[PDB]
């Protein structure tokens, strides 16, 4: 019939983006109930939008117990997040949309400066190259709703990177605007994969312009997925030899302390019996390697970072508990880019926040890549709740981003915690 171009207001008059935004908001609101409208309308206030976005991240990393407490308490922040989600489901793109997603350098794991030269106005090719090497083909999740600014009025001149992407037709969306900006609002939990980066000058200012692909990395946050374990590891026990099964059973039930200690102590003093069991457990975990990339979680206290076990990121101010931003910055700056070893086998769960681990502040959000040696512990008596994925000994990870959050522990207790994104790298030579 007639060629369909993408929504693209870049370099068009702001008045045209604005009137499109109003028309699209009007269309969207015809599909909403009053509470949904109230929830979405409040996003007009930048303070509330920041608050709700942060809250929408916090709840992915709070226990299902804590969520249920908030629902029975009629928590308006949680209901407002649910209402926004519901409003978005009602509205789908009929064309692709091009625009700028709200990622800062810190959210791309960049803690070094970008405009390094000529009174911190210009960007060196050296720095561009450093950014390219660190971020291209890495995947950075936006835990909150993601905003797509539709024209250059959306660019914050003080933020030296711009991330441009294309949102596919059929994706759910809302429309937001203020006086000078127009944006789409998209669902929580998309990621951006930077594909290229250049230096660009816009209205006399320099930026690294990143072209990113919008993606969805498989991740069940606090909800987990027993179904994933059943689908992928239903036949797992049927594939194990009797000796493999016995060795894995032993590790899951009775031998784990001994085996963990031995491995953590570099197998000194040598112990043949443990050596044999360990060979069988690694053998078992190699029978059905992780079949596709997905996220699993492991919460720890300060000990792995050489910090006191009860290291805290919170301080008191006027009787109020708030994040200690200096500590968060110190930790993020130090640990972004560092490697984390696991000399023994290590447990992870598809659930981000099992209640019994809810007060541990250091949340490893581990990318388990296709082919990683490990197994979901499915089919094993006593392990239905845990959704455990057991990883092979010597599984080493590199942290590539650390995101502060405020986890909700219970009705009266919140805690500053950090989500530590890490990817698999070569087993540390040992």
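Positions refer to the first chain, counted from 1.
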When mean C-alpha B-factors in the record are compared for 331-339 and 312-320, the larger belongs to 312-320
The stretch whose C-alpha atoms carry the larger average B-factor in the entry, 229-237 or 152-160, is 152-160
At the C-alpha atoms, which of 299, 325, 351, 166 reaches the highest B-factor in this entry? 325
If you check the C-alpha B-factor for each of 130, 360, 142, 90 in the entry, which is highest? 90
Name the third of the chain's ranked CA B-factors that contains residue 75, choosing lowest, middle or highest. middle
Place residue 137 in the lowest, middle or highest third of its chain's C-alpha B-factors, as listed in the PDB entry. lowest
Residue 418 - Cα temperature factor, lowest/middle/highest third of chain: lowest
Which third of the chain does residue 63 land in by C-alpha B-factor: lowest, middle or highest? lowest
Place residue 213 in the lowest, middle or highest third of its chain's C-alpha B-factors, as listed in the PDB entry. middle
